[PDB]
Amino acid sequence: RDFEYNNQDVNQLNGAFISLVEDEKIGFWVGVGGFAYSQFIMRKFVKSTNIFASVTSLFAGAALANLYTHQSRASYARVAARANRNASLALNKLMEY
Amino acid sequence: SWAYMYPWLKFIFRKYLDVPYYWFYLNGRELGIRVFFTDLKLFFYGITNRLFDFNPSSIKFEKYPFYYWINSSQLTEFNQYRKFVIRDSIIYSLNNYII
Amino acid sequence: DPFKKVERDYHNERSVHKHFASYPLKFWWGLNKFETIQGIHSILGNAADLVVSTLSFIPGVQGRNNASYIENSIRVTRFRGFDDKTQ
Amino acid sequence: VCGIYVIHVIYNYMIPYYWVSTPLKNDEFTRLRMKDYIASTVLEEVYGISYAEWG
Amino acid sequence: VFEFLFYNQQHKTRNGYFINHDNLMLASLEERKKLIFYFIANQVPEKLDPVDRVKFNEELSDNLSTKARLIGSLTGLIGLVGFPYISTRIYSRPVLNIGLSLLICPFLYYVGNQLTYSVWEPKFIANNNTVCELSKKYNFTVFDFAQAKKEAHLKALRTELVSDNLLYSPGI
Amino acid sequence: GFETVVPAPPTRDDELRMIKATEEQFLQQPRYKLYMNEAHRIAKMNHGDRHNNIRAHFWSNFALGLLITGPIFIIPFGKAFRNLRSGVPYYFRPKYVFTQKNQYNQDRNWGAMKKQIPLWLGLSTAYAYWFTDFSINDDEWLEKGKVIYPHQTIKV
Amino acid sequence: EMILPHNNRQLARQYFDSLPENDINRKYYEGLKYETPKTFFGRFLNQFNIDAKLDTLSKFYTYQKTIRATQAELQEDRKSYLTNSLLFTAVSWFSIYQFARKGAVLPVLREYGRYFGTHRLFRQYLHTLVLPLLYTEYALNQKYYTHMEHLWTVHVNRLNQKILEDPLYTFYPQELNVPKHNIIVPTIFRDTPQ
Amino acid sequence: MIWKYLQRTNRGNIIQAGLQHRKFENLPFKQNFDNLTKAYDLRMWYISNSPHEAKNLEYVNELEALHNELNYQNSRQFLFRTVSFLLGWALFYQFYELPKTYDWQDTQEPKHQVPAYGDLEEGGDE
Amino acid sequence: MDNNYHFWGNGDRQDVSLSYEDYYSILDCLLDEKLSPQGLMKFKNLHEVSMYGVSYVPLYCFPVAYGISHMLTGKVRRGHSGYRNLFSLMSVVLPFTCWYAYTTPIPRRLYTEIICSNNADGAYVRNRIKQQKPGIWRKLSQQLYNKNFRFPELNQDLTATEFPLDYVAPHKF
Amino acid sequence: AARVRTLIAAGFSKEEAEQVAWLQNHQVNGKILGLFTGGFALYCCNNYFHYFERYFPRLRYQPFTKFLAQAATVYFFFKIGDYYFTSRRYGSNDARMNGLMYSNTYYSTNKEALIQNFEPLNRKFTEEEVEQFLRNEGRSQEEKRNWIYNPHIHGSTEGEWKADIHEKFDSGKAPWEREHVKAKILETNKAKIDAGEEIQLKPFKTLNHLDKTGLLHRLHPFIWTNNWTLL
């Protein structure tokens, strides 16, 4: 046999992970779209170098992707943090001599 | 004309009446307003899922008699009501009739 | 000799593995602290995964399997618990 | 005075009666003992003995 | 408050250093064994026999450890295009150009290395026959994983502790 | 659900030590902490302390939500009362009492306040319940109801 | 249900014993794993094997409750969808004919088609005859494709393990059922010595 | 700078708002509910805020007429909407498969259907 | 994403969703004898949260019914004067809005831990719902298979040697 | 300054997390104080950088040189703080001046004790150890468990079993201290010993070598802030 993780933590992590994966896909597409839109807008109206335009477009796309995905990422982060803390404490209790 | 819905009237408030005093220390829970706001958020999420997420299909078998009169087997763990052995026998006889 | 780099040597486990010249050249790795840089990395990785699949139609190269829990978990938890304070 | 007495009756005679209504698996006797204690140990029915030389 | 600058940060986001119990909380038994073996082999190679250490190091170099360095070097070379960035007939600025190169090329190396890991590390963990074979051979448990996590964090701390006096450490 | 080793009945010295511990624990109780002498007295006092901590956090968050939600929500909500649906500026439509709204913006201001103050308090309460951590006193399996004794609290 | 092993008429095994040596089912018996097509086009080519899989399961599991229910539901849905398609075609043809008898023609398609130069009326008749049948087939294929894919996965899984008994919900006809023994003589009453 | 966004109040929040002129520029050529309500509200606001008397009394008379006309319009609206609601209710319950498959345990009380205390309620034993 | 993610009556977006009605129906096919004390504790917590929730559901439906009832009366706000029609239409519509709310599944940690648990209590609950509540288990299994849950009782089981007891809805493979 | 919560996220008890957090806090706080003193000096001596344009005219006519000088001063104060906190700076183990950072004795001793005595497990836990860990669930309470012998589930005899469970649980002996466990560990890790690599039996206990107070290393605490006396 082997150590068994708490089932409630497993179910909560399962839900958070499903949300995280779905939102990660959608947010990658959102970031690509935001990069494209920012590049289009900066080439249309902003008068600056292509380096500056491209770095700004990449940062705008990343910001939009993170804005879309922040809820799922943060929820999974906190759920996983509490699950890891609980599992670590339980294992340290078991393995302490 | 709403008089005979008094069992529905009792249900909610009869559940409310059995809540003991908080400081008698039976459970130490007073989750009224917390549940109010939490279930508001939960209903928002549930309506969003029912509109823009996966919804289970309600399609079912409609032309096979007594198909959903499921008698106990290894798939059902045999943890049913004890006197349902007669029900299982009747289900077996009905299936042998309809085959 | 690769074996010489896996030998259990007391001195080898307590000697300097990162000298001064390695501190500037690798100081850019702290940018992972920022969620913006994490999102940049995620977008680049997903775009490269799409390219790798489209070219994994070619034999000899394997694309990303979206039904693989290990792949999905590593991809979405690479920056799950980043903390610049530790170590 | 009547209402304070009536509130005292409502506090320990009606609402506690509405608490337990089904057989209980765990510590049923203790729960019923609490319910009955808050109603059957009212000083009005037990206090007389302290001043018994009066009667 | 600038620990992201003067502290060791390159080891946190690669070589499975981010793997924690949460992952193992959802993986199947075989996938859990794969993840635990990968984390132990990458972070605490002392738990493996030397032959297995060499085999895993070879496979990791072939797939992730060395390919990432090659791709980061390619990105740095991309950053090296026109190395005399600021130069004219009258003056070529050596210190300025050297500083610009030493600030640009390592950054692009880091970007390329991170991209290579983010793309190929999950695929290497999931679909490497050598990793699968060694994980089946060893069958590390959750207690082994927790112990290895402690060892990995302590070793990462030790790496910074030993490199605290790189200029003058007389020892008194 | 294993058992533990039941110790031998205590001697007079052990009884005196536990009596002294109970005396000290009784003396520690403040006068405004009105908890009767009961087996569950210590558990109820700990529950009350956790509830007081949660209450302080909740009221801090409630004041913060009153500060935040207003200018974000309620004040712009007042902008919905400048005019009516038809576009004509806001005027007074009485229900029964034809109040003399003689002051400058009396009708608009009072209607806006009647719609805003309940909304203000409701949004602030929602914020306070949203951003307050109740995990201090929450017990899913009700394992904090175990009886704790004064002599167990203090060692002599 | 559970037919007891001594009461289990291995009818499936009988059907497996009469199968040809080259039949793919025997290959399944040897461990030929079956994987659901995960490519769109493949799934398309897999949507026409529903009836064949259903017939194979009906011959294998003639008295399984789920198999019989699937057969009855598929037959009734096919009949109902075919009747709906035929009624829609009849209504469309009747309406088109009666309106074209008074000049009115619905301008959905071009008046004269390319190539053969067929008329709008003829192409409308053809479309109203064909497209409802295509939609009926599409809907039936969706539903019973998922259902029969699960059923065939179960069938192949139980063939790989050489399980030729009958499934848990097989209800034999009265000629293949064990009669119940009515005569139950109770034990003679006897005073307890204790 | 925070005061500049907190202590300072928007002018429109303090002063009385004027007409939303965009709602009085392009008006349909109808005596519909919208135009009638606009006229009613205009006259009501005028009699609420004007110091004049003759125009206010003219507007009072016209407001009574507009009240009658708006009552007629509301009667038509109420009739159409409520008739549609009732018809949709009836049609919904015609096309809805009403679930006649609920537990009937509430209708059964065997201890009362066959009196358990047979004749024992009719006098005790001794 | 509230701050109280530890609360048993709370839930995330992808927790197991059960509509209140279904929950009550689930209470009709279970016995407390067959459940361990931990399962009993789960069901008691669910009962408390659920009684409070079903109390609060009509209130949530009041603004929607109030708006719909007004729109049925017309475009005139006869507050205190149109109360008769407003509240008759409310006594009609508020039941419909509450019908939609009660038939709408809602996520909950108690729902996701009572049903989807590895122990004998969860197995018993799943089997009882499967046998005594066929349609409820059908929709619940369709929901569970999309949440990366693999149980022997699910109709969408590709590793089972026994045929499913119910129709399997279309889904991605 | 190591986010004790994050340390517990990895395998770490609360006390070990506190000790590691204190060590990393000492390091990064020395560097942070160096940086803040460096940033405070530039806020006041940027006119000094302009003043030294007579001895070093390159600063005036090459402004990039001035920026390099400012960065050099920032790094100089950074290194000053780093030396004042992350260097050895050996000092006497005296009660009158410990704690006060006239020496870096506390950090130096803790770092040395950690580095010297830290070694990975060098192996995997045996099935006997893993099964013991699964049987160590909540049985380390203050009240010692009442061990009852059932022949039909424990086998052996009562006399052998009582001493067996006494060694396994009551005596406090760790699983790796058993003769059978040590023999199996030596047998399983034979390949490792074939390379001349010793096998660690005791997993590294951080709490036996790291201590903020320094009581493990018998460092005398600051006399004016402590009531008691060590050693």
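Residues numbered from 1 in each chain as written, not as in the entry; some residues may be left out. Chains lettered and ligands numbered in written order. Part of a larger assembly, values for the part shown. Heavy atoms only, no water.

Going by what the PDB entry lists, chain B is known as Ymf68 and is assigned to Tetrahymena thermophila SB210.

Asks: Explain the overall build of chain G here, please?
Replies: Secondary structure summary: chain G contains six helices and zero strands in total. Starting at the N terminus and ending at the C terminus, chain G contains elements arranged as α-α-α-α-α-α. In terms of overall size, chain G is more extended than a compact globule, its C-alpha atoms giving a radius of gyration of 27 Å where 194 residues would be expected to give roughly 16 Å. Dimensions of chain G, computed from C-alpha atoms along their principal axes, come out at roughly 105 × 40 × 30 Å. A total of 194 residues make up chain G; the buried ones form 39% of that total. For chain G, the share of sequence-separated contacts (at least 6 apart) that also reach a separation of at least 24 residues comes to 73%. For chain G, the separation between the mean place of its 24 positive charges and that of its 18 negative charges on side chains is 9 Å. (Helix = DSSP H or I, 4+ residues; strand = E, 2+ residues; numbered from the N terminus. Rg over C-alpha atoms; globule rule 2.2 N^0.38 Å. Buried < 20%, exposed > 50% of the residue type's maximum accessible area, 1.4 Å probe, protein only. Contact = heavy atoms within 4.5 Å. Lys, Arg positive; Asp, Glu negative; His and termini not counted. Charge placed at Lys NZ, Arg CZ, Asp CG, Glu CD.)

Asks: Would you mind showing me how to read the overall build of chain B here?
Replies: Scanning chain B from N- to C-terminus turns up three helices and zero strands. Ordering the α and β elements of chain B from the N terminus gives α-α-α. Relative to the 2.2 N^0.38 estimate, which gives 13 Å for 99 residues, the radius of gyration of chain B is 23 Å and therefore markedly larger than a compact globule would have. Here the C-alpha coordinates of chain B stretch approximately 60 × 40 × 40 Å along the principal axes. Taken across its 99 residues, chain B has 34% of its residues classed as buried. Within chain B, the 7 negative side-chain charges are centred at a point lying 6 Å from the centre of the 12 positive side-chain charges.

Asks: Help me out: how do you make sense of the interface of chain E and chain C in this one?
Replies: Counting residues at the interface gives 54 residues for chain E and 49 residues for chain C. Buried area between chain E and chain C, both sides added, is near 5,000 Å², and the carbon and sulfur share of it is 64%. Per-residue buried area on chain E facing chain C is highest for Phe4, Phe18 and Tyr110 of chain E; these three make up 14% of the total on that side. Here chain E and chain C share four salt bridges between them. In this structure, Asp49 of chain C engages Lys123 of chain E in a salt bridge whose closest nitrogen and oxygen atoms are separated by 3.6 Å. Of all the elements, helix α5 (residues 94-126) of chain E adds the most residues to the side of chain E that touches chain C, at 17 residues. (Buried area = accessible area lost by both parts, 1.4 Å probe. Salt bridge = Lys/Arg side-chain N within 4 Å of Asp/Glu carboxyl O.)

Asks: Please explain the interface of chain J and chain C as it appears in this structure.
Replies: Many analyses report the size of an interface as the accessible area lost when the parts associate. Counting residues at the interface gives 14 residues for chain J and ten residues for chain C. When chain J packs against chain C, the two sides together hide about 920 Å² of surface, and 48% of this comes from carbon and sulfur. When the buried surface of chain J facing chain C is broken down by residue, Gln24, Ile115 and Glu197 of chain J rank first, second and third, together holding 33% of it. Taken together, the links from chain J to chain C amount to one salt bridge. We note a salt bridge from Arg14 of chain C to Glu119 of chain J, for which the minimum N-O separation is 3.8 Å. Residues that form the side of chain J that touches chain C fall into these classes: seven nonpolar, four polar and three charged. (Nonpolar A, V, L, I, M, F, W, Y, C, P; charged D, E, K, R; others polar.)

Asks: Quick question: what am I supposed to make of the packing of aromatic side chains here?
Replies: For any pair of aromatic rings, geometry is given as the distance between the ring centres together with the angle between the planes. Enumeration according to the criterion identifies 98 aromatic pairs over all chains in this entry. Seen from their ring centres, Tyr61 of chain G and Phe163 of chain I are 4.8 Å apart, and the 70 degrees between their planes marks the pair as edge-to-face. With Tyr61 of chain G in the loop between α4 (50-60) and α5 (65-100) and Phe163 of chain I in the segment after α6 (134-145), this pair bridges two chains. One exposure class covers both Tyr61 of chain G and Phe163 of chain I, and it is buried. Relative to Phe204 of chain J, the ring of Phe118 of chain J lies with its centre 5.2 Å away and its plane at 80 degrees, an arrangement referred to as edge-to-face. Pair noted here: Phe118 of chain J is in the loop between α5 (105-117) and α6 (127-134) and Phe204 of chain J is in the segment after α10 (190-194), with a separation of 86 residues, a long-range link. The ring of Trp120 of chain E has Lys67 of chain E sitting right over it, with the charged end atom 4.3 Å from the ring centre. Taking the ring centre of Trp152 of chain G as reference, the NZ or CZ of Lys53 of chain G above it sits at 5.5 Å. (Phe/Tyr/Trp six-rings, centres within 6.5 Å; stacked < 30°, edge-to-face > 60°. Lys NZ or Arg CZ within 6 Å of the ring centre and 35° of its normal.)

Asks: It is not clear to me how the pattern of salt bridges should be interpreted in this structure. Could you clarify?
Replies: For side chains of opposite charge, pairing can occur when their charged atoms come near one another. On inspection of all chains with the given rule, the structure shows 51 salt bridges over all chains. Across the pair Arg13 of chain I and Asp23 of chain A runs a salt bridge, and its minimum N-O distance is 2.7 Å. One end of the pair, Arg13 of chain I, is in the segment before β1 (17-18); the other, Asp23 of chain A, is in helix α1 (residues 7-44), on a second chain. The residues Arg13 of chain I and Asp23 of chain A share a single accessibility class, namely buried. One salt bridge connects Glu30 of chain E with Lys34 of chain E, and the closest N-O pair in it is separated by 2.9 Å.

Asks: I tried to follow a negative patch on the surface on my own but got confused; where do I start?
Replies: Together, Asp103, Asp106 and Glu109 of chain H together with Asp28 of chain I make up a region of like negative charge exposed at the surface. Relative to the helices and strands, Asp103 of chain H is located in the loop between α5 (54-95) and α6 (110-113). (Patch = residues over 30% accessible without salt bridge, like charges linked within 9 Å, V, L, I, M, F, W, Y side chains within 5 Å. Areas by Shrake-Rupley, 256 points an atom, 1.4 Å probe, with all protein chains shown as cover.)

Asks: Looking at this structure, I do not really get empty space enclosed by the protein. What am I missing?
Replies: Over the atoms rolls a probe the size of a water molecule, and its path tells where empty space is left. Scanning all chains against the criterion turns up seven cavities of 30 Å³ or more. The calculated volume of the largest cavity comes to roughly 210 Å³. The wall of the largest cavity is formed by 19 residues, among which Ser75 and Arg78 of chain A together with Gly11, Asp12 and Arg13 of chain I lie closest to the centre. Mapped onto the lining of the largest cavity, the elements with two or more residues apiece are α1 and α2 (50-95) of chain A together with α2 (32-52) of chain B. Of the residues that constitute the lining of the largest cavity, the class distribution is five nonpolar, seven polar and seven charged. There is about 100 Å³ of room inside the second largest cavity. Listed by contribution, the elements that provide at least two residues to the lining of the second largest cavity are α2 of chain B together with α3 (106-130) of chain F. Ranked by residues supplied to the lining of the second largest cavity, first place goes to α2 of chain B with four residues. Residue composition of the lining of the second largest cavity, by class: five nonpolar, two polar and three charged. (1 Å grid on protein atoms, 1.4 Å probe; cavity = no way out; pocket = protein on both sides within 12 Å on 5 of 7 lines; lining within 4 Å. Points joined across faces, edges and corners; volume = space filled by probe spheres on them.)

Asks: Honestly, unusual backbone geometry in this entry has me stumped. Any pointers?
Replies: One can expect most non-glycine residues to show negative phi and most peptide bonds to be in trans. A positive phi angle, close to 60 degrees, is found at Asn148 of chain I, a residue other than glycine. Inspection of the secondary structure assignment puts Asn148 of chain I in the segment after α6. Judged by relative accessible area, which is 45%, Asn148 of chain I ranks as partly exposed. A positive phi angle is found at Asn122 of chain J, which is not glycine, with a value near 65 degrees. Summarising the element assignment, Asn122 of chain J is placed in the loop between α5 and α6.

Asks: Is there a simple way to explain the packing of helix α2 (residues 37-73) of chain I against helix α3 (residues 83-102) of chain I in this structure?
Replies: Pairs of packed helices are described in terms of their axes, by the angle between the two and the distance that separates them. Residues and elements named next belong to chain I. Orientation of α2 relative to α3, taken along the N-to-C sense of each, is 130 degrees, at an axis distance of 7 Å. As the angle between them shows, α2 and α3 are arranged oblique. Judged by the sense of rotation from one axis to the other, the crossing of α2 with α3 is right-handed. Looking at the contact of α2 with α3 residue by residue, the classes come out as 18 nonpolar, five polar and no charged. (Axes fitted to C-alpha atoms, helices over the stretch in contact; angles between N-to-C directions. Parallel < 35°, antiparallel > 145°, perpendicular 65-115°, else oblique. Left-handed = near helix turned anticlockwise from the far one by under 90°.)

Asks: How should the side chain of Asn128 of chain E be read in this particular structure?
Replies: Residue and element names in this part refer to chain E. For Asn128, the location among the structural elements is in the loop between α5 and α6 (129-138). Take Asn128: its relative accessible area is 6%, and that puts it in the buried class. A polar side-chain atom of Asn128 sits 3.1 Å from a polar atom in the side chain of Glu59. A polar side-chain atom of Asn128 sits 3.0 Å from the main-chain amide nitrogen of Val131. Discounting chain neighbours no more than four positions away, the residues touching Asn128 are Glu59, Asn63 and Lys123. (Polar contact = N/O pair within 3.5 Å; in protein donor to acceptor, adjacent residues only side chain to side chain.)

Asks: Is there a simple way to explain the packing of α2 of chain B against α3 of chain F in this structure?
Replies: Where α2 of chain B contacts α3 of chain F, the two axes come as close as 10 Å, and the packing angle between them is 90 degrees. It follows that α2 of chain B is roughly perpendicular to α3 of chain F by the angle criterion. The residues of α3 of chain F that touch α2 of chain B, namely those facing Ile33, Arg34, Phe37 and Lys41 of chain B, are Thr125, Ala126, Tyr129 and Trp130 of chain F. Classifying every residue of the contact of α2 of chain B with α3 of chain F by side-chain character gives five nonpolar, one polar and two charged.

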